[PDB]
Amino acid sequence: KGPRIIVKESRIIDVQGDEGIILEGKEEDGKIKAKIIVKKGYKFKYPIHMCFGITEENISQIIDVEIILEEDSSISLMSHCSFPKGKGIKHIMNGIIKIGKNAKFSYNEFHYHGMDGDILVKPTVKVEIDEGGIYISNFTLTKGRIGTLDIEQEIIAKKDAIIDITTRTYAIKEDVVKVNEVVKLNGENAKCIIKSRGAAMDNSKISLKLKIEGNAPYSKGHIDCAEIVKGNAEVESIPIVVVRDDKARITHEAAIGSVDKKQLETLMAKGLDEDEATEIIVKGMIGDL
């Protein structure tokens, strides 16, 4: 029914890999050891799935996965997390991604949670990109209570690499969001974009540390950060830019706090009240609209 990896609770339900896509999987009692290998030349344009369901109390879904893409290969992974019960849950993913010469990896993770915030989603992703490689990452947590999010990524890029990382979050109640991403452009003409979008309300706490190192000639980077603050929410944005080459250029733009006055006034000129206009901007910000 499609090349997928199903994990219900802390057990592997299914491990099936097609021609040119080696999917290994084993369990060390609670710890899942996966290894995905995309063979040289295999460009699969149809997306692979990875479902994670948690309905039991006190589950520690720890998954160590290694994704290797050989020269000229291509794969898109669509991870889905459904945690509706949310009591004592802990989804921890530790990944090592190695993208070969002229290979392309794309990752999209969506979360659907319940209204109780005793969930801890903790992805740690190390990415190594070879000459001509491409990495696209998208993490979206806008459904239910996030609980505590702790994303950590470190990407190392060589000659002509392309990186596009995006985060869309909607923090409510006493949610905690922690995002720490570092991209090192270590090869000639390596390009990167880190985009963060989100809204924080009630008593949520956000910390976004996004970093780009422009270490080689013609390497370009751009950090775009935007986070709306409502209620007693607290946001901290720390966008570090390091440049170690005279032909490298990195730019960053960020807007934290209340919604833009012109955007609010443009929607209020359509007859919408301050609350309806803010809700529209926030819904569009988190990808609902």
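Throughout, we count residues from 1 along the sequence that is shown.
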query: Mean C-alpha B-factor comparison - 101 to 109 and 73 to 81, higher one; finding: 73 to 81
query: Entry-level comparison of average CA B-factors, 38 to 46 and 250 to 258, reporting the higher stretch; finding: 38 to 46
query: Residue with maximal Cα B-factor (values as given in the PDB entry) among 24, 265, 279, 273; finding: 24
query: Deposited CA B-factor, highest of 30, 239, 231, 221; finding: 30
query: Residue 87 by Cα B-factor - lowest, middle or highest third of the modelled chain; finding: highest
